[PDB]
Amino acid sequence: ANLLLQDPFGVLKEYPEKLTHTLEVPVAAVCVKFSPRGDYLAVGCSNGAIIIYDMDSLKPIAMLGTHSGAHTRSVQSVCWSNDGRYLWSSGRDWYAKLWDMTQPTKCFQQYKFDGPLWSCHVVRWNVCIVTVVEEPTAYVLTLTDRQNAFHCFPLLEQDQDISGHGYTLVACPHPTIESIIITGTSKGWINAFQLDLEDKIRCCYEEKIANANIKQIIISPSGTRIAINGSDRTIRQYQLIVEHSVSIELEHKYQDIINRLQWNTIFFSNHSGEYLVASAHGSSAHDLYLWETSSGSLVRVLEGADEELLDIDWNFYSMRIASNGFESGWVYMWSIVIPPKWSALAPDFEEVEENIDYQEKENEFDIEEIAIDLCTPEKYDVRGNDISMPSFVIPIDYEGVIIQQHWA
Amino acid sequence: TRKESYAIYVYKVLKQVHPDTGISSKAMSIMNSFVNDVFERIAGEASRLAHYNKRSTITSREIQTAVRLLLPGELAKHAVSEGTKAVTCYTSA
Amino acid sequence: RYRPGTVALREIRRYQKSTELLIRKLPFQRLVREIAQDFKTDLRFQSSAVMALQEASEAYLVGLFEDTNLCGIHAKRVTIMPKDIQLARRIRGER
Amino acid sequence: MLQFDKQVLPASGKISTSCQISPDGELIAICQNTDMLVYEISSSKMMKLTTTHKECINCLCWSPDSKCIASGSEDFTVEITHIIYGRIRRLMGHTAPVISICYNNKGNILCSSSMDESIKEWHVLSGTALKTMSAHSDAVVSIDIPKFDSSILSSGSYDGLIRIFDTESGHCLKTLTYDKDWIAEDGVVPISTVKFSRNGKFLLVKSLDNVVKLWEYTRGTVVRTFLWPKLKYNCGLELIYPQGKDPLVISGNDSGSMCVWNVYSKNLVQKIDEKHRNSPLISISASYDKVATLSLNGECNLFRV
Amino acid sequence: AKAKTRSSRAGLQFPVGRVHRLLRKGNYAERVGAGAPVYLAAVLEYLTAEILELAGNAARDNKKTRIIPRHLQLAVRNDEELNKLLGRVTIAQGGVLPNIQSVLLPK
Amino acid sequence: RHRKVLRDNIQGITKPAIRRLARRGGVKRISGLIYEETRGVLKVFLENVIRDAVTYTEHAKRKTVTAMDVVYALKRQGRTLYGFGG
Amino acid sequence: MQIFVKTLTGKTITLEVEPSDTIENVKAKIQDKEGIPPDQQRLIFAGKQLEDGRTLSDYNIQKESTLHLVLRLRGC
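Here the protein sequences come in this chain order: A, B, C, D, E, F and G. Take the first sequence: its letters are residues 2 to 198, 203 to 248, 258 to 381, 395 to 435, numbered as in UniProt numbering. Per UniProt numbering, the second sequence starts with residue 33, numbered consecutively. Per UniProt numbering, the third sequence starts with residue 41, numbered consecutively. Take the fourth sequence: its letters are residues 16 to 244, 251 to 326, numbered as in UniProt numbering. Per UniProt numbering, the fifth sequence starts with residue 13, numbered consecutively. Per UniProt numbering, the sixth sequence starts with residue 18, numbered consecutively. Per UniProt numbering, the seventh sequence starts with residue 1, numbered consecutively.
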């Protein structure tokens, strides 16, 4: 990532504001999920496809589900491994297909569940937490050393009933602790179960925030702020403190005051969650919102699309916002759009915007052995990212490219 | 006597877009009387609209359906956006 | 075989004397739902609120054709053309 | 520090244009007119291959996983062919000849030059045209991508320019020297070959006056120069990678004399002259430890630290 | 922005004291929402900002500093969607948009 | 259940229908280029009335475009319509 | 020694600092010259965002360099 090192400066602004791309995907799509690096964009589809695009030319590199383990029903969620090599994908076919891009169209392993699925969230590339329909516990799917037995440990202490606290529907693993996973019931309580990765699970937090059907829980990537999306028209960002012993408090609430509408999806910025981005629900909701998570106010509104938007992904490496269409199925994409500069034409050019008063010097009327290294890749970019941990590039299907010229 | 008008409040916006220009009084009486038209045109339509639905309050939701009716095309979308952005800042602070 | 142009005057008087609706119902009620697709998705149309749109579109086109035919006549001919319709709309303010 | 290991190819025959070792460091493709000599370095095995091309193929690009070879020639053909499974794709887009091309570090967008002052871009799987990059005033000779990330595209050309481009949106991004205009001097020595480094933070250039410089483009100025103790060849350049601390630059003279410069100094330590002494050199490449050479007659020469 | 003078709290220039008065002594409806005059002052300021911007632009393009009604007609009628909002209205002392139909030019 | 985006029902405003509509408007000879111009005119009229018809319903939080909302859309553009009430 | 803290839209300042000064010490000097609070300031050098606790020597800031300042105006 060396464009931005000399792009030049003036690209750090922490959101994109112009929509630049539009994946004209005919088969409508629910969930979108970028690669961990800015390379690819997985597109969870309605008719059972999971299209995988290469983000550089807006056209796919494969559509997995040909050889083994096609999601027959609609797919609700897709996450990736920590590197970007595997892919867990939970659909409504009661399966949770873990893919391997090395053998692209062939699923690695799956598992039959108790019903359709809401989501999946990958903690280590094997273990994955999957939300079974209307079950008061989440069955963590740990892909063991043997590929046939995934111990679906109940994510619940043995006797703490949550009847009246609700039913587990979401679970987002904590980034900077990785052993606590916060899970959301359906009547406002939020259970916090710490995996030992034995199976003991301490209930580090059980508390009702409001008597609402929790739709979605997200964590900042520094684990500092946690926001909840109730079934009341409110977003509740908290302040998360854990060493274990965990504790939250109400920082701010977010609501549609005028239109008084529901929130579909919510997402946090890269570093510490200085920005929240939410998608409203009703008619005439044509635009994602932004929020200064400290001041609490609606900073900006990303007026791109034409009709409601469902899923939000924010890959900060590309600084992009993928946002699927609720109606058309098309996948709008915002992007920090740099303009060119003619100061790149010559090594002594300069682009000023004021008629500058050059002051006269005198002579307008008068007529290398330094430290050179080629071995270390750069450790950071202008966003402070974890570059130089080499991402899993896609293996282009070189078993089937040779026919791929002829008839797909 | 004191006969109120929007003389200053138009001037304070002239100093925000074009901070070097001024305005002739005959073209201030126009702006004084342009806003008094758009006021009585928006609050008019936003009071047939709170009465067809048998409400008895002009909320801020009538004023944005009234603006999405009167103001055409791209003045609708912008004046909604600068509408909601200025009521959110009111409630929060 | 009549003279060309006299079945017309036998057809003008016939329609002007009656009050039924001249566009077919179902090819219109489908057009309204096609156009209502843009502004909201999957609307229902309380089925007297399409009759309220034939009777206000038919009575608009007919008042436009009365204003078109006055312009064609004014250009010293008896055949309306699209350079008349665009004039009648430009004079009323519509375009 | 560096010496000769083996010479395995005989010299003469057809026109020898390009030599490229694949990044796995075991499979070498010797580019002659429309035939590809493949040379496995293990037991010094041989392998012959032939393409669907007609004219002198001036370019060669290896796959980053050593599973494809593409090439473009002056007849506007841009062919993509498998190493064992033959011809798979073809692009056909340029309005002037092509001299060199390069793969992405992902292997998905091969960059591609024309000679009519325009670089064009192709996604291989979609086989269509992405972004045009027409910011130059000559036949653009060498367009190189760094080995590690695939962020940027450096364009050196026959008008004497060192211009860095974008690969995402395709604007020119930095210039390191002047043109026909904007100095008017005879200091518009054309550039023959621009090569990035292993990490990709420093650039290497070879101008037509046989003077090699190493640019620190992030700052805008130069930190190394290399001279020999006017050219009319588009001779190859590389920077060898010994496991010692000092990795040496290598270029070929007008004749078949190849000296190797200590890059941590500004001088040489060593020169290779015992081979290629008849024929003049057009290209070189390397690998972790297995560097080849070439000239108009294709004598490949392994060397080692 | 501030805490006094309710327009300050929304960060506007148009008053919300005057508007909220004029929405109750104008008999538009019975009870005026407390959010309502704010949103109404936001729309009014935006239009007064947009019409004073295109007026001022056409005042420097005719070399004059201040704005006379001839500039306000040129700001409205040359625009595509401010002319449509102000379609039926007539700006006093405000000229015409210069146009001549094509067949009137010689040839 | 089923999912159709409509295409080209403006060809339902038929060439004989624009003729009958013209007859009540009292015209004798209709040039053949009218029939793609009236369709242009009607499709513009229907948009502005439906966009105000919808905006009224969408305010009242409904999914049926009732007959009074159509009438208020017409009453706003100075076409008042008298057989549907209020 | 002298620096430029040349801001994003195009104009420059002239400060007097030491290389041993903290970035917050430099962020104090901008606030003395602009009133802009130091918490809303990001100082950018060779593309790298500099931290409040670090010094100018740490980032190889030399005489007459151009630093980049990108304010975040609050709200609304």
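All C-beta atoms, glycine included, are put in the ideal place defined by N, C-alpha and C.
Residue D:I95 holds the alpha-carbon nearest to the alpha-carbon of A:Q432 among D:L75, D:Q22, D:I95 and D:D174. Assigned with DSSP and collapsed to three states, B:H83 falls in helix.
The beta carbon of B:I95 sits closer than 6 Å to the beta carbons of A78 from its chain, once the five residues preceding and following it are set aside; these are given in chain order. Taking a beta-carbon distance threshold of 7 Å, B:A125 counts as an interface residue toward chain E.
Here the alpha carbon of D:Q264 sits roughly 12 Å from the alpha carbon of D:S308. By the 16-neighbour rule on beta-carbons within 10 angstroms, B:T97 is buried. Looking at the backbone, the Cα of D:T65 and that of D:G122 are separated by about 22 Å. About 21 Å separates the beta carbons of A:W119 and A:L65, which is beyond the 8 Å limit, so they are not a contact pair. Taken through DSSP and simplified to helix, strand or coil, F:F101 comes out as coil. The Cβ-Cβ distance between A:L142 and A:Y112 falls below 7 Å. Taking all protein chains in view, the Cβ of A:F363 is surrounded by fewer than 16 other Cβ atoms within 10 Å, so the residue is classified as exposed.
The residue among A:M416, A:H258, A:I397 and A:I222 with its C-alpha nearest the C-alpha of A:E405 is A:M416.
For the pair E:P81 and F:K80, the Cα-to-Cα distance works out to about 46 Å.
G:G10 is the residue among G:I3, G:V17 and G:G10 whose C-alpha sits nearest the C-alpha of A:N369.
Secondary-structure assignment with DSSP links D:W282 through a beta bridge to D:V270 and D:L289. Sixteen is the threshold: since fewer than 16 other Cβ atoms of the shown chains lie within 10 Å of the Cβ of A:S261, the residue is exposed. The beta carbons of D:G277 and D:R298 sit closer together than 7 Å. A:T145 is classed as exposed because its beta carbon has fewer than 16 other beta carbons within 10 Å across all chains shown.
Taking 7 Å as the CB threshold, D:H186 lines the interface with chain A.
B:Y122 belongs to the set of residues whose beta carbon lies under 7 Å from a beta carbon in chain E. For B:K35, there are no neighbours in chain E by C-beta distance under 8 Å, as the nearest C-beta there is about 13 Å away. At a cut-off of 7 Å between beta carbons, F:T74 makes no contact with chain B. If you draw a straight line from the Cα of B:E72 to the Cα of F:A90, it is about 19 Å long.
Annotation for A:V345: the continuous beta strand (DSSP E) segment containing it runs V345 to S349. The beta carbon of B:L101 falls within 7 Å of a beta carbon belonging to chain F, placing the residue at that interface. Pairwise C-beta distances place the region 273-287 of chain A in contact with the region 219-227 of chain A, as three or more of them are shorter than 8 Å. When secondary structure is reduced to three states using DSSP, A:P37 falls in the coil class, being assigned neither helix nor strand. Secondary structure note for E:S19: its alpha helix (DSSP H) is the uninterrupted segment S19 to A22. Nearest Cα to D:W137 within the set D:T233, D:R102 and D:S184: D:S184. Shortest Cα-Cα distance from F:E53 to any of F:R46, F:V44 and F:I35 involves F:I35.
Beta-carbon to beta-carbon, D:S222 and D:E259 are separated by about 16 Å, too far to satisfy the 8 Å threshold. In chain B, no part has a C-beta under 9 Å from the C-beta of G:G10; the shortest such distance is about 18 Å. Contact of B:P104 with chain E is assigned, a C-beta pair being separated by under 7 Å.
Neighbours of G:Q49 in chain A, taken as residues whose beta carbon is under 8 Å from its own, are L13, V409 and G411 in chain order. The CB of A:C402 comes closer than 8 Å to the CB of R213 and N214 in chain D, given here in chain order. Chain B places a beta carbon closer than 7 Å to that of E:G68, counting this residue as a contact.
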